[PDB]
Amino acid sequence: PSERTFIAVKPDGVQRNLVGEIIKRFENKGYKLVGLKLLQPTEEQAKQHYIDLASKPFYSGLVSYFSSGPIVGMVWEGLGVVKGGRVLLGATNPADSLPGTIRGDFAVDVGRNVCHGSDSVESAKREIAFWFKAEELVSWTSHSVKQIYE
């Protein structure tokens, strides 16, 4: 249950007032919020975030958009939260996302897909370390932990 993942509301998600909605879905699921911030990514930060896509033709547009305004960065904790977080978000391409998921309910275009979630335990650890300083994470015990976990 101490697994952690990085979830972000992308600039489109902030602009379209989906921050609270996204946070609510993670809270409702049983996951625990241990880091939260609002920040405007720099271009260098955007380049790193999208580094796997550096050779794609839409990279420069993605990097520019991701650094064009604020995101909300989050760290969530819970059993299977990396994979579970992504299930909440829905398929990467909103054409594939199902209703009930964040992208299924709210997104149409793969380049404006509202949010991001780490794709593995390892990439989660890297992303958390990239976006948050040690002193910015909060460790606490949910009063509901024994209701959510056996």
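Don't overthink the numbering: it's just position in the shown sequence, from 1.
Peer 1: Quick check on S118: across the other compared entries (only those modelling residues on both sides), is it unmodelled in a third or more?
Peer 2: Modelled in all the others, so no.
Peer 1: Taking only the other compared entries that model residues on either side of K56, decide whether it is unmodelled in at least a third of them.
Peer 2: Yes, left without coordinates in at least a third.
Peer 1: Between 131 to 139 and 19 to 27, which has the higher average C-alpha B-factor in the PDB entry?
Peer 2: Per the PDB entry, the higher value belongs to 131 to 139.
Peer 1: Hey, which bit's got the bigger mean C-alpha B factor in the entry, 102 to 110 or 89 to 97?
Peer 2: The stretch with the larger mean CA B-factor is 89 to 97.
Peer 1: Tell me which of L53, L38, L33, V82 tops the list for C-alpha B factor in the record.
Peer 2: Going by the entry's C-alpha B-factors, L53 comes out highest.
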